[PDB]
Amino acid sequence: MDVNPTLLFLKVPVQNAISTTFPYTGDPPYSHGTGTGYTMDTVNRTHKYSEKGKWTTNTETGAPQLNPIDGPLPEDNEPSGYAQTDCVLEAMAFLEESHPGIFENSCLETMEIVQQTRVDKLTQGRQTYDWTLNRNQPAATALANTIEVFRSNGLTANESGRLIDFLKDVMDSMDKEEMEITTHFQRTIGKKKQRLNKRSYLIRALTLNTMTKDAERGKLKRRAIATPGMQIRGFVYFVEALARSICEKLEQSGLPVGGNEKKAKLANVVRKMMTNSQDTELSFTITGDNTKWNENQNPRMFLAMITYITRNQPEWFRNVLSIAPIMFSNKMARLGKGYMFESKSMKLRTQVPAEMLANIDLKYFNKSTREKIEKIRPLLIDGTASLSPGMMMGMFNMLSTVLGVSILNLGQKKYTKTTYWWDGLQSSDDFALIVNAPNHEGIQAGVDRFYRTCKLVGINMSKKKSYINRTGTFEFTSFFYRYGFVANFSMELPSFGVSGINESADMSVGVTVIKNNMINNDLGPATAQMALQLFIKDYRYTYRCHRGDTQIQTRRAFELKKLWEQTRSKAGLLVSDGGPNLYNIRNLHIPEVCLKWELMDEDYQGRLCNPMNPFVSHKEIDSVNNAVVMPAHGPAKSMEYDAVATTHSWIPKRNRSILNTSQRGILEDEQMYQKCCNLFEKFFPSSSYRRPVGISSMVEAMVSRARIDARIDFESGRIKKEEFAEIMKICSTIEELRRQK
Amino acid sequence: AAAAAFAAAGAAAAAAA
Amino acid sequence: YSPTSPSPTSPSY
Amino acid sequence: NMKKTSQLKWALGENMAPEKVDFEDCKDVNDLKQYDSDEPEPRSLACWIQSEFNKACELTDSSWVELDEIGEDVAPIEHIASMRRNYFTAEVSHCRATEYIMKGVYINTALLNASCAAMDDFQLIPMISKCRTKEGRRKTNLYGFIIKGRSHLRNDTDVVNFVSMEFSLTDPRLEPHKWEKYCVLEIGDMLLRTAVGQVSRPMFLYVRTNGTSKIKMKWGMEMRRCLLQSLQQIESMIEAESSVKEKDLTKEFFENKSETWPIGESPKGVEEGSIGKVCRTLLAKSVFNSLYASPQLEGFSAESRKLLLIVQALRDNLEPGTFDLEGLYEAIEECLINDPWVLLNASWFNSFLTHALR
Amino acid sequence: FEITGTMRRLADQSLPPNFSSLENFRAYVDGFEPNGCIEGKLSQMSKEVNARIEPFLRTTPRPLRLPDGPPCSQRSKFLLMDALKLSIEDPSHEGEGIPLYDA
Amino acid sequence: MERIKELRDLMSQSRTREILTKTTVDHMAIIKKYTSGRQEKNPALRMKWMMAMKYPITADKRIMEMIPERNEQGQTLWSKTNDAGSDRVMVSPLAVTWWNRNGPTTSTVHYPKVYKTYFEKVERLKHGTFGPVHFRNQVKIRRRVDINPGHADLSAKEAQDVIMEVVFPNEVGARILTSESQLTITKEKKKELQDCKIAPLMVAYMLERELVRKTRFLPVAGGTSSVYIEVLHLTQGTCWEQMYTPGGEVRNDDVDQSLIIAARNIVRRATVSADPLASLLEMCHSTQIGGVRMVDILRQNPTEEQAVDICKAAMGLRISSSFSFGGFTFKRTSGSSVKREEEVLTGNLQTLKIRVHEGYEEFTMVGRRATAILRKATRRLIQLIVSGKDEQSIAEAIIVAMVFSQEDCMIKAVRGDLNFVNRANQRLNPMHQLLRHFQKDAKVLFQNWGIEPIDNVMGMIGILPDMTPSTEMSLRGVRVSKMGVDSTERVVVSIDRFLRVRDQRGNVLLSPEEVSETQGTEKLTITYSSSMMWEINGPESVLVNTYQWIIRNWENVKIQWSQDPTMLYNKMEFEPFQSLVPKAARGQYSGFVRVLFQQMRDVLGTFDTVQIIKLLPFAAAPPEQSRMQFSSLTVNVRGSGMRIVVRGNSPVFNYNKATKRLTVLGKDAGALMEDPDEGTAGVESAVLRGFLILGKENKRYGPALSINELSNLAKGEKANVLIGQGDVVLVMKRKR
RNA sequence: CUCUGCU
RNA sequence: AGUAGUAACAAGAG
Ligand SMILES: *O[C@H]1[C@@H](OC)[C@H](n2cnc3c(=O)[nH]c(N)nc32)O[C@@H]1COP(=O)(O)OP(=O)(O)OP(=O)(O)OC[C@H]1O[C@@H]([n+]2cn(C)c3c(=O)[nH]c(N)nc32)[C@H](O)[C@@H]1O
């Protein structure tokens, strides 16, 4: 009697039990050590798929560049980056013809976005490469460093607050003959200044930082991802904005819509294909990813698509949209941390930075790394490898799906000019293509035509992990369609458990996750009760907030027991204070504070909901009652939760490991910046709720506001003559401090 | 008196200038 | 409900 | 704690890391060579993993989950959910895989708490668990001990070593290959009382210097999620029928045992288990996914899921076609290297193919 | 919003091989008009590059081949089925008490 | 003053002084987010790790003076260390528990007022009513619903202005509240929020939640109103529905919309009945909207709608014979029209399929600030006389009349980006989309409409496209009257058996034909309380439940079909399905299916249970003899024609032979028990009227033939026909 | 001897 | 030793 869970599929169809095929209960495979090997492998692989292209040497950066555009046509089914300019232009032209005015309307919408977009938009996003520090920094921090460097270099055209002005400053910076930056060296703190030549700054402005994608499920081997610099992101935002505007106007483009919007759009489109197909016509659906999609999406083709899309538009708009593909076509990839060398005989470790691989001897490496270094050495320049071809983890997902949907629209009977035709859905590298043809031979001919056309445009379908079946069931971006999308709960299992925001936000998020899974992922009511019980147990263990009546011993047990004895109405206690769990299927949508409000003791209610408690801290409105959640698959998600701000809405300790590094000064600067901003809010309460405006320094605004507030308070009598006198004298002293400096 | 039971759409018009 | 199905681990000593 | 003896310093890998020195100070070292990044040496499948899974699917007379009390039910749907949850808890509490869940969760949480709190000292961590026998007694049981070593866990993948000492009654000599990493000591004699009478049996102690990473401990603490992965699926397989029949079929499925699913293979062919057997099997599968988690498991699961979809399309007479089936097979087979769990899953998939196209 | 200086050289270098300047490429694409270039290229490409569909019949899938090394060994952090437990009647409660004093 | 003292101290420090002086208010938005710390990639792991250290929490410095460093047990509540990247100090959870235990209490009477939304959730769940739970084949459709209804009278911008007034009165700026609703809500909120110590930012966020409407795409099965969406997890499940009625007051708009939806469904279903009036009465007396009986809401809800009006007439209630459109109530004073769908090409080169009303007709338009008399023909505005109070109202009335005319120049006047499918590719109402687009801008519409010569018509001065009055020229068929011409009367009517509403004179006022064909979603959950609970559900639910009922009763359905199929076809359980079947093709489909069933009965063997299941619902309608051959049967589903294929497997109707299970639209409907008398043996004999399917072709009787032309065969001869998904098969004209 | 456990 | 797997941990920086 050998039990075999897989045999369950003999009765339950695979899709209906697809959740069993997801091991997401276990830990995801993480990456150990450096990502330099993965970056080198990616660069070599990208240059291998385009080897038959043209080799040139950039005249500005001096690095070799490879152009596969209009290269020899593919002669084999392997991935190939030889995209044809004529074919891509033809695909875009036919997309325009089939969807008249799409490019024009999208261009105008992008025009208004470009007009009304501010520099602060670049603050969104995470782990942005900071060229000034040669490391990844938070997007806001990298933006601030770049702005400060530009100001110190005379690029004082960004104070207008418009992103386009910042882009103008970016170009002016690249055109400068020299640059000055500020770096800290400790040997004692030294605020040294470094001078960068034109070529070095150019190389470090096109540089693309690389790391290893961690916690990635479904892949045995780890892969390297990349994040761009501050200069690139500005133009990338506009490019993406235009591509997303175009995508929203395409029925086959489901990328911009997400979640249940994505599922509904895909369901409607597949239903339309099943409907408009002739009854007598044989219908098939292909499921597949595109092999080496990111490695083959050349940026020159993106430049061609942008130039075609921006036809007849104002020349400045064409420039703003086309700059990003230009820069990416001349991009560079940082290698990363480097490698680690060990000596067993002498029993010692060492880390060799990736910048010194262009000269280190090859005897220190194993065979695989030996050949990767040998192959990538020609492209190494100033610690970075030239990666002109391909798109290393490109952010042009929107543009790439525009190209895919253009090729997908090429399958209309007015374009195929044959009995067979095709349509489907495209999203980044994933696609689900439906072929209708009178007979199986027609289906095969249509499949071959689509595959060959994709090869022409540079899209390489992955024959390895793609398959065709009769229309009705398919898969698309981890969404399994079986005559209708089926719920796959295993995807949302990692979201369960303690989120780790705070006691209140984590209770609210847990109950909201259970409720959302009931609504969307077919979480039954009994299983919902199970999930609630398990989440409460995990929450109590994590937060050491077991019920006071329990004998469990923990460093927080004494206080909870004292509170339990103190309270008269036990039911009113929150779970974070040893109170019982009153949640159920009925009230998963009610915050615990409001759920237990009537049961709370008056004094306990006041203490818990005291607005003057020091635990609660409020940042800008954009970071209130919301959290960032990372699903098993997909990008970061902004989850909003309903929670009453109580003493439990505290902040966890901040990682202090930067205190014993040469770059502590940034932390100090952050502290001071906060010290200033919080005072500005003390003078302008609405600064947090909505961003303030003005050109004057903070000191001028604060002192003027203080003076006027003093006069109004005096007139209303809220302050006496002496208080007004002291306020005025302090303001005059502040003025004198500003003047003297 | 004169009342609208249910008014859909954004209303108004940019023609008036 | 008592589950049923058609002690070296936890013995009595 | 535990004095830092020679034996503990060795078993816990004290001072085994090489000294981190600047490269320019050791470039001339003769054998300074990049870290070893060789391919994991593949191994073979053995019947012991199958026996482990068989036992994990077994029923135990002692309950293993004591869940907290949710808000009192008011809505009729809440009462229906309460009844269904009672059935699910009755079926699951007695599962051996639930015992595995509890022991693993406790071990991982204790190990992480000790790792954070005491980062320089070797800490003794008893392997405790709590069950309620079928007579109401609440026996507290000990499985052995864990000596956690130094735990200066900086990265999420950093490793803390620990010596695990577990009691057992199985002689390793019988199946030595399963215990390649253990040093097994015979430490006692256990007078087990059986039906015929009393039998004296040796009592061994499996000792090994295992290791765990911070992320591994964190996911160990959340092994209770396995309970959901199984139970939710079971509910999804009940609700469908309840929708077809326009009635609540939880009682019929659990008590009447009307509906059975193909859950195992015996020499007689394919054996059909009730809803409870299927629930226990899925729970065991999820528990082992948590225990034997690895990149091999993830890759194989993804590729075998793709192949399962193809085979299902074949079963649905959708005449599936492939563009490179040998490539897909190579991708699947590249994920079968060392982990016994992944190899067992591969053998299960092969058996399912055998019984699915016949 | 002009492209000049370093960006002008970068734009010139970031073009298909036949073109030599950004303005030339812009003029070419502005005057571009589809004329069956895709069909011509499809004709040019060798017939070997095709998505041939091999039917997946009941006799198509072969069994998976497992590695033939030494038998796999136990790798769990604790014994699963072989584990023996020393217990006590002491009811106490889960999470309550000192695990050491229990042990 | 504390803050000015802090400012002076900051100016004292040289580096902080330089930061404050150099940085501008605009640059604050950038340096405010200046952080060295990065977003934690797996916060759960970090939180689990940090709950083991002594002081994981961070609190304001003032904590050190308002909480003892250690409690009576000696455990250190807080420490001296300063949090990294801030002036906050480290703190243990013990501190928080201590504060909640013996901390400084204050007044919290304001909290329910500022968190009004959450306590409203609590209250309306407290007073909610729970009915029985029904296990049904729930079919949840993904659609945009509202999670936060907001303050409908106030748009998002008005809500933001009110929030600024209430929370930050000094930082309002130049904005001034104009809408009376703004003034009243600002007033009440300011009075309520008096001496509220809660952080202004939290109050502002809660007010944004309360006032600003927020929508979300969610799979739903009942009412889409917020009061029902928030409890969606509790109410609608995969296989069950929990009849729940949220407590408290319900928005009148939601009840009106739900009543309209219920009436439309009931009339559409009742048309296909043998006694439509009695059936409609029964569904009215058996239906409840939002937990309220539908019988007693019509007598108290004046919402104008041809379906609502038909229902009112069935109960003897006086009707209005009016309908809303573009915010104007239209009453058809004279004339009649017939609905028919027709395809048009818009001015933006987009192709639409709009429902044109053939026939001359005259309407009276009543609006909040306008009133007009209109006369129109098929896609032609014969005449329009407006009496708006101000130029804006006149323009609104003119645009509404223009769109209502459905004129070709109206359609061709569309310019710019106008999409008639939402981001989910659901077909929007073309009339509403055109109304929205033209109300956004109408210059093109007026320019392209035409100008008509106008004489000195007393008190009827013409209007020009630029909106200025003119005497000699005006927009074609448009006049402006200054007489302030300004219907509500409810005329008692008699409704016949077939739901044709006639006034005393006898002219047909309302008929089911003019009832809208759209299948909308109710704002409040509608419950039907008859034996077959799915009479008034959407299309997909009706299909799934019809096939499920056939499966369940299959044991008796087989015997009835074999010995007495006429009564089987009569079975009322198929009527809602027929309501989904297009009216034009109902009789022909019924005749074709009945002929196929009869030939299956006559031919020995060739019994196909799955085929009978598939085709039985189509046989309900009276037969209509015809020689046409059907490759698929069409059913209306949310404006789309789902094609059920006669032979083969299609997504609409699936039979998995491996599981022997029938799935409809992706929803399981049950399994068919094995029937030993089936014996398909390849030959079906239940696909083509008068033809027997031999099986696979043999390329001797003919290469191939099409289904429609195949009727050329006289008798006996065998030929190959292309029927199905590209599967040519051999067939023969039945002997008889 | 101090600092850090995602920098 | 051991964790682990294509590169690392088996503390690191002063
Ligand atoms: O949400 C639906 C509808 O309720 C479900 C809702 N709604 C209608 N009435 C009210 C109401 O009084 N109060 C509220 N709060 N909500 C109401 O608005 C939506 C209605 O649109 P929808 O159902 O999507 O389609 P339809 O009903 O057809 O609307 P529309 O296409 O705009 O047409 C409205 C009426 O116009 C009649 N009609 C149009 N034309 C051009 C003619 C015509 O030329 N001659 C005649 N005799 N009638 C015409 C339509 O038939 C329909 O009656």
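Residues numbered from 1 in each chain as written, not as in the entry; some residues may be left out. Chains lettered and ligands numbered in written order. Part of a larger assembly, values for the part shown. Heavy atoms only, no water.

Per the deposited record, the coordinates in this entry were obtained by cryo-EM to a resolution of 3.3 Å.

Time to look at the state of the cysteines. Throughout the structure, instances matching the rule amount to zero disulfides over all chains. The thiol of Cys47(D) is not disulfide-bonded; the next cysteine sulfur, from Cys72(E), is found 9.3 Å away. Under the relative-accessibility criterion, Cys47(D) is labelled exposed at 62%. The thiol of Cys284(F) is unpaired, and the distance to the nearest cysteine sulfur, on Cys311(F), comes to 3.9 Å. Assessed through its relative accessible area of 0%, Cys284(F) is described here as buried. (Disulfide = S-S within 2.5 Å. Buried < 20%, exposed > 50% of the residue type's maximum accessible area, 1.4 Å probe, protein only.)

With that settled, consider the site of the ligand. Every one of the 23 residues lining the ligand counts as a neighbour, but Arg264(F), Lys339(F), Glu361(F), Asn429(F) and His432(F) are closest to it. This site is not confined to one chain, since residues near the ligand come from chains B and F. Take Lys376(F): an N or O atom from its side chain is 3.0 Å from an oxygen atom of the ligand. A distance of 2.5 Å separates an oxygen atom of the ligand from a polar atom in the side chain of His432(F). Contact with the protein chains covers 88% of the free accessible surface of the ligand, which is 950 Å². Only α14 (252-271), β10 (322-325) and β14 (361-366) of chain F provide two or more residues apiece to the shell around the ligand. The element best represented in the shell around the ligand is α14(F), accounting for four residues. Looking at the shell around the ligand residue by residue, the class counts come to seven nonpolar, eleven polar and five charged. (Near = heavy atom within 4 Å. Polar contact = N/O pair within 3.5 Å; in protein donor to acceptor, adjacent residues only side chain to side chain. Areas by Shrake-Rupley, 256 points an atom, 1.4 Å probe, with all protein chains shown as cover. Helix = DSSP H or I, 4+ residues; strand = E, 2+ residues; numbered from the N terminus. Nonpolar A, V, L, I, M, F, W, Y, C, P; charged D, E, K, R; others polar.)

Contacts between chain A and chain F engage 169 residues on the former and 145 residues on the latter. Here chain A and chain F share an interface that buries about 14,500 Å² over both sides, 60% of which is from carbon and sulfur atoms. Summed over the three residues of chain A that lose the most area to chain F, namely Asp279(A), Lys653(A) and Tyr689(A), the buried surface amounts to 5% of that side. At the junction of chain A and chain F, the tally comes to eleven salt bridges. Measuring nitrogen to oxygen at the nearest pair gives 3.5 Å for the salt bridge that ties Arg643(F) to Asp279(A). Linking chain A to chain F there are 64 residue pairs in polar contact. Element by element, the count of residues in the side of chain A that touches chain F is highest for helix α21 (residues 664-683) of chain A, at 16 residues. For the side of chain A that touches chain F, a count of residues per class yields 79 nonpolar, 37 polar and 53 charged. In this sheet, strand β1 (residues 57-59) of chain F lies alongside strand β23 (residues 651-652) of chain A in antiparallel orientation, the contact comprising two bridges. Its bridge partner being in β1(F), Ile651(A) is matched across the sheet by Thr58(F). (Contact = heavy atoms within 4.5 Å. Buried area = accessible area lost by both parts, 1.4 Å probe. Salt bridge = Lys/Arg side-chain N within 4 Å of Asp/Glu carboxyl O. Pairing = 2+ DSSP bridges.)

A separate point is a negative patch on the surface. Taken together, the side chains of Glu75(A), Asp76(A), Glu78(A) and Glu48(E) define an acidic patch exposed on the protein surface. Here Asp76(A) lies in the loop between β3 (64-67) and α2 (85-98). Accessibility expressed as a relative area gives 35% for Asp76(A), which makes it partly exposed. (Patch = residues over 30% accessible without salt bridge, like charges linked within 9 Å, V, L, I, M, F, W, Y side chains within 5 Å. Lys, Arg positive; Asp, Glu negative; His and termini not counted. Charge placed at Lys NZ, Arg CZ, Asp CG, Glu CD.)

The subject of this paragraph is the protein's contact with RNA strand H. Taken together, 44 residues surround RNA strand H, and among them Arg349(A), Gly13(D), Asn15(D), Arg208(D) and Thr209(D) come closest. Backbone atoms, meaning sugar and phosphate, form 63% of the atoms of RNA strand H found within 4 Å of the protein. Within the backbone of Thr34(A), a nitrogen or oxygen atom sits 3.2 Å from a sugar or linking oxygen of RNA strand H. Within the backbone of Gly13(D), an N or O atom sits 2.6 Å from a sugar or linking oxygen of RNA strand H. Listed by contribution, the elements that provide at least two residues to the surface near RNA strand H are α1 (36-48) and β12 (338-343) of chain A together with α1 (6-11), β5 (159-168) and β7 (198-213) of chain D. Looking at the surface near RNA strand H element by element, the count peaks at five residues for β7(D). Split by residue class, the surface near RNA strand H holds twelve nonpolar, 18 polar and 14 charged.

The next thing to look at is the interface of chain A and chain E. On the side of chain E, 45 residues touch chain A, which itself brings 68 residues to the contact. Roughly 5,000 Å² is buried in total at the junction of chain A and chain E, and carbon and sulfur atoms are behind 62% of that figure. At the boundary of chain A with chain E, the tally comes to four salt bridges. Ionic pairing is found between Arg449(A) and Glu39(E), a salt bridge with its closest N-O pair at 3.6 Å. Linking chain A with chain E are 27 residue pairs in polar contact. Put simply, the parts of the chain that give the side of chain A that touches chain E at least two residues each are β3, α2, α5 (163-175), α6 (198-206), α10 (299-309), α11 (315-329) and α15 (440-457) of chain A. When residues in the side of chain A that touches chain E are grouped by element, the largest group, ten residues, is from α11(A). The residue inventory of the side of chain A that touches chain E, partitioned by class, reads 31 nonpolar, 17 polar and 20 charged.

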